[PDB]
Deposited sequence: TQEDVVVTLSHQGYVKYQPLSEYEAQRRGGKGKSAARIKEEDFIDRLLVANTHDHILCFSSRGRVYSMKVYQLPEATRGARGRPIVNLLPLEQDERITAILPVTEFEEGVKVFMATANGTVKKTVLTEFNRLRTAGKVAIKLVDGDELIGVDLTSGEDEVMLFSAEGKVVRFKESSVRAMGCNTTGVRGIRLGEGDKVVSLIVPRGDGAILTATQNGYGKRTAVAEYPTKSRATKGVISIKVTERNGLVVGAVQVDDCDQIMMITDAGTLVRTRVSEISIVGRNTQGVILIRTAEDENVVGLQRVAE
């Protein structure tokens, strides 16, 4: 009984599926027999076949993902990856907030249970914030809150088993942390945004390629004026952006109406911050 279905996840946390016929966070098109891997902030991975999801269909409904998976109180989902086949040459690449990174071959997740298991062992106080698939000559980019960045080859990271810690990715200054992981694909520009509402773009070609475990270079100058970096993401001229504050205000924008400048700039306000209010989310709008 295999066929194409649509799988949606809402910003609020509800998930469902249905044959082809809060606000939308991610909309995917898959086959009833594809798999879906979910990674958490505590370094665990939970697996479930697409047909084991709630078939709500139509408009509205669907249960919260936190009610399908046996998660702990402060444990959240940081990445969701669709998988059709567990091919031999692909890897799972992980990045933590204290600057650590690690990779494992996709074949190790082939027969996982819904109850989950350890994907990466964490030192006290750290957490998994980024996960993606990689192969061949792919490169990796790590962005920090104080405006730094480093870019290197996935091949320079040695493959390891599921129950290990990993290696050094970026040397952070005291108090700084990693907020985004990017595996670059194409000529799209890199868009970055700060807490007080500032933002700008820079050609991905303007980001130098160095080595892992260093302090990296500047991606955007941060001061008391614009504040800390909330996130970074690669996008296309046709795409749209969304920013959310801790207050609740939401603003969408057209990537094309945002100037492409050098890495040493502070950007221009794109959304009226308003004292005592911070930007806490940045992402491409669900297409």
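> According to the record, which stretches of the deposited sequence lack C-alpha coordinates?
Replying inline: No C-alpha coordinates exist for 22-41, and that is the only such stretch.
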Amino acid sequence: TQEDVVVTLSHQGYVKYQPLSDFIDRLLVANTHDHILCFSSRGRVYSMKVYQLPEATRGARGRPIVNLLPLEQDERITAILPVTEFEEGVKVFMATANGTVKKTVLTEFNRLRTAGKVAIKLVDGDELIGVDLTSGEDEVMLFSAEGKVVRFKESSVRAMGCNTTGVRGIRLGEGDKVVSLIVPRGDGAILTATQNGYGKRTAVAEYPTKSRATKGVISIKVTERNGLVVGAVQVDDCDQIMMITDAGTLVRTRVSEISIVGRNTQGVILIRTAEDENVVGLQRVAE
From here on, numbers count along this sequence of modelled residues.
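> Looking only at CA atoms, which has the higher mean B factor in the entry: 92-100 or 112-120?
Replying inline: Result of the comparison: 112-120.
> Which of the two stretches, 209-217 or 76-84, shows the higher mean Cα temperature factor in the record?
Replying inline: Between 76-84 and 209-217, it is 209-217 that shows the higher mean C-alpha B-factor.
>> Highest Cα temperature factor in the entry, among the options 250, 37, 30, 229: which one is it?
In response: Among 250, 37, 30, 229, the PDB entry lists the largest C-alpha B-factor for 250.
> Per the entry, which of 45, 233, 69, 242 tops the list for Cα B factor?
Replying inline: By C-alpha B-factor in the record, 242 ranks first.
> If you rank every modelled residue in this chain by C-alpha B factor, which third holds residue 196: lowest, middle or highest?
Replying inline: For residue 196, whose C-alpha B-factor we compare with every modelled residue in the chain, the answer is the highest third.
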